[PDB]
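Scroll down for the structure; my scribbles are underneath it.
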Amino acid sequence: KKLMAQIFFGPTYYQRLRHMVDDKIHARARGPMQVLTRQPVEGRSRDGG
Amino acid sequence: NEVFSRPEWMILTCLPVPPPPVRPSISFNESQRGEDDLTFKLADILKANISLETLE
DNA sequence: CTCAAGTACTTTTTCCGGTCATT
RNA sequence: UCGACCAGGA
DNA sequence: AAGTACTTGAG
Ligand SMILES: Nc1ncnc2c1ncn2[C@@H]1O[C@H](COP(=O)(O)CP(=O)(O)OP(=O)(O)O)[C@@H](O)[C@H]1O
């Protein structure tokens with residue numbers, strides 16, 4: 001069915017940026033611990049909390 | 001306080017040495033020893049002490 | 001022996017890859 | 001497996 | 001930057 005409204009439609013230069021989800025997504029439920037503090041480590045890189 | 005903090009205890013005579021869990025040794029293989037900063041300073045106090053005692 | 005000015009000290013939002021030296 | 005700089009995200 | 005917390009110094 002025709003949309004009641006008419007849409008502003010056309011080409012537009014769009015950019016792909018370097019922030020892709022699967023490079024951010026992280027979950028840690030117990031893992032590596034810091035030596036000194038005995039607390040979780042830092043960053044997804046180190047699989048921290 | 002007569003029991004917990006006498007004025008005389010503000011001056012140090014006997015130094016308490018914290019154990020390794022406080023000042024951990026950073027081992028970066030077998031041969032690569034690596035000690036903490038607090039371990040170096042205590043060794044330096046102990047170095048400085050040994051000199052003062054020998055002079056006396 | 002009062003009070004103006006110089007002296008020093010201690011803070012400064014929250015979470016979230018690379019490269020260097022050296023441990 | 002240690003922490004400093006730099007560059008970034010909302 | 002703006003308090004504090006003192007010395008330092010003039011009248
Ligand atoms: N330096 C910072 N510190 C803390 N929070 C920040 C921040 N920068 C951004 N944010 C968070 O992000 C929120 C708004 O920033 P943005 O989302 O990047 C703007 P926007 O909402 O996308 O569009 P707008 O510019 O039309 O408002 C803030 O309310 C805050 O919660």
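Each chain in the structure tokens gets a letter, A, B, ..., in the order shown, and its residues are numbered from 1; ligands are numbered from 1 in order too.
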Give me, as a ChimeraX atom specification, the residues of chain B touching chain A, with the criterion being at most 12 Å (counting only C-alpha atoms).
/B:20-27,36
Do me a favour and pick out the residues of chain A within 10 Å of chain D, using only C-alpha atoms (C1' of nucleotides), as a short mmCIF file (atom, residue, chain, number, x, y, z; two decimals) with N, CA, C and O atoms, in the first residue's frame.
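Output (result_31.cif):
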data_model
loop_
_atom_site.label_atom_id
_atom_site.label_comp_id
_atom_site.auth_asym_id
_atom_site.auth_seq_id
_atom_site.Cartn_x
_atom_site.Cartn_y
_atom_site.Cartn_z
N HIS A 19 34.54 1.88 13.65
CA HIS A 19 33.92 1.38 14.87
C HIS A 19 32.90 0.31 14.56
O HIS A 19 31.70 0.59 14.43
N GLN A 34 44.99 -9.45 38.29
CA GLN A 34 46.17 -8.63 38.51
C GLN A 34 46.97 -9.30 39.63
O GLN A 34 46.40 -9.85 40.58
N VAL A 35 48.30 -9.25 39.52
CA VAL A 35 49.22 -9.86 40.47
C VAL A 35 49.07 -9.28 41.87
O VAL A 35 48.84 -10.02 42.84
N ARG A 46 43.22 -8.04 27.32
CA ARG A 46 43.74 -8.90 28.37
C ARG A 46 42.61 -9.76 28.97
O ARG A 46 42.87 -10.57 29.86
#
Which residues are near ligand 1 in this structure, taking near to mean any atom at most 9 Å from a ligand atom and counting only C-alpha atoms (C1' of nucleotides) and all ligand atoms? Format them as number ranges by chain.
C: 13-15; D: 10
Same residues, N, CA, C and O atoms (P, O5', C5', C4', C3', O3' and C1' of nucleotides), saved as a PDB file, in the first residue's frame:
ATOM      1  P    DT C  13      38.812  15.942  36.726  1.00  0.00           P
ATOM      2  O5'  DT C  13      37.259  15.712  36.415  1.00  0.00           O
ATOM      3  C5'  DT C  13      36.357  15.458  37.481  1.00  0.00           C
ATOM      4  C4'  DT C  13      35.184  14.618  37.019  1.00  0.00           C
ATOM      5  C3'  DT C  13      35.523  13.269  36.408  1.00  0.00           C
ATOM      6  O3'  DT C  13      35.758  12.321  37.423  1.00  0.00           O
ATOM      7  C1'  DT C  13      33.905  14.352  35.103  1.00  0.00           C
ATOM      8  P    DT C  14      36.716  11.046  37.179  1.00  0.00           P
ATOM      9  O5'  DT C  14      35.733  10.020  36.439  1.00  0.00           O
ATOM     10  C5'  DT C  14      34.596   9.561  37.122  1.00  0.00           C
ATOM     11  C4'  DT C  14      33.642   8.891  36.189  1.00  0.00           C
ATOM     12  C3'  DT C  14      34.222   7.758  35.400  1.00  0.00           C
ATOM     13  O3'  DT C  14      34.301   6.593  36.221  1.00  0.00           O
ATOM     14  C1'  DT C  14      32.864   9.098  34.026  1.00  0.00           C
ATOM     15  P    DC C  15      35.675   5.744  36.339  1.00  0.00           P
ATOM     16  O5'  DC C  15      35.261   4.358  35.671  1.00  0.00           O
ATOM     17  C5'  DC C  15      35.632   4.073  34.375  1.00  0.00           C
ATOM     18  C4'  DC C  15      34.456   3.574  33.585  1.00  0.00           C
ATOM     19  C3'  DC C  15      34.866   2.867  32.328  1.00  0.00           C
ATOM     20  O3'  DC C  15      35.034   1.515  32.559  1.00  0.00           O
ATOM     21  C1'  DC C  15      33.489   4.616  31.743  1.00  0.00           C
TER      22       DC C  15
ATOM     23  P     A D  10      31.952   9.258  19.218  1.00  0.00           P
ATOM     24  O5'   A D  10      31.100   8.917  20.496  1.00  0.00           O
ATOM     25  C5'   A D  10      30.070   7.982  20.407  1.00  0.00           C
ATOM     26  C4'   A D  10      29.367   7.901  21.722  1.00  0.00           C
ATOM     27  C3'   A D  10      28.787   9.215  22.179  1.00  0.00           C
ATOM     28  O3'   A D  10      27.506   9.383  21.636  1.00  0.00           O
ATOM     29  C1'   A D  10      29.973   8.164  23.942  1.00  0.00           C
TER      30        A D  10
END
Taking only C-alpha atoms (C1' of nucleotides) into account and nothing else, which residues of chain A lie no more than 12 Å away from chain C? Please answer as a ChimeraX atom specification.
/A:18-19,23-26,42-45,49
Next, the residues of the selection above should be written as a compact mmCIF listing (two decimals), in the first residue's frame with N, CA, C and O atoms.
# COMPACT_ATOMS: atom_id res chain seq x y z
N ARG A 18 35.51 3.14 11.36
CA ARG A 18 36.31 2.09 11.99
C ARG A 18 35.75 1.49 13.28
O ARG A 18 36.39 0.65 13.90
N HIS A 19 34.54 1.88 13.65
CA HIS A 19 33.92 1.38 14.87
C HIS A 19 32.90 0.31 14.56
O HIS A 19 31.70 0.59 14.43
N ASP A 23 34.54 -5.69 17.42
CA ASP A 23 35.87 -5.30 17.85
C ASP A 23 35.77 -4.64 19.20
O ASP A 23 36.79 -4.24 19.79
N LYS A 24 34.52 -4.52 19.70
CA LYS A 24 34.14 -3.89 20.97
C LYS A 24 33.52 -4.90 21.95
O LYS A 24 33.97 -4.96 23.10
N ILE A 25 32.52 -5.72 21.48
CA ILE A 25 31.73 -6.72 22.23
C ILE A 25 32.61 -7.55 23.14
O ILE A 25 33.57 -8.13 22.69
N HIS A 26 32.31 -7.52 24.44
CA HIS A 26 33.10 -8.21 25.45
C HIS A 26 32.26 -8.61 26.69
O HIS A 26 31.39 -7.86 27.12
N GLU A 42 42.81 -5.35 33.18
CA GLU A 42 42.17 -4.28 32.39
C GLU A 42 42.09 -4.62 30.92
O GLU A 42 43.04 -5.17 30.39
N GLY A 43 40.97 -4.26 30.28
CA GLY A 43 40.80 -4.37 28.83
C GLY A 43 40.44 -5.70 28.20
O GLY A 43 40.94 -6.75 28.63
N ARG A 44 39.63 -5.64 27.11
CA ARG A 44 39.16 -6.82 26.38
C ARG A 44 40.30 -7.64 25.86
O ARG A 44 40.21 -8.87 25.78
N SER A 45 41.38 -6.93 25.54
CA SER A 45 42.69 -7.34 25.06
C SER A 45 43.30 -8.33 26.02
O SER A 45 43.82 -9.36 25.59
N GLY A 49 37.89 -7.34 33.28
CA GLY A 49 36.54 -7.00 33.70
C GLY A 49 36.34 -5.51 33.53
O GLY A 49 37.25 -4.79 33.12
Using the chain letters and numbers from this document, which residues of chain B does DSSP assign to alpha helix (DSSP H), as a list in words?
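Filtering chain B to alpha helix (DSSP H) leaves residues 37, 38, 39, 40, 41, 42, 43, 44, 45, 46, 47, 48, 49, 50, 51, 52, 53, 54 and 55 of chain B.
By only C-alpha atoms (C1' of nucleotides), and with residues fewer than 4 positions from stretch 30-33 of chain A along its chain excluded, the set lying at most 8 Å from it is residues 38, 39, 40, 41, 46, 47, 48 and 49 of chain A.
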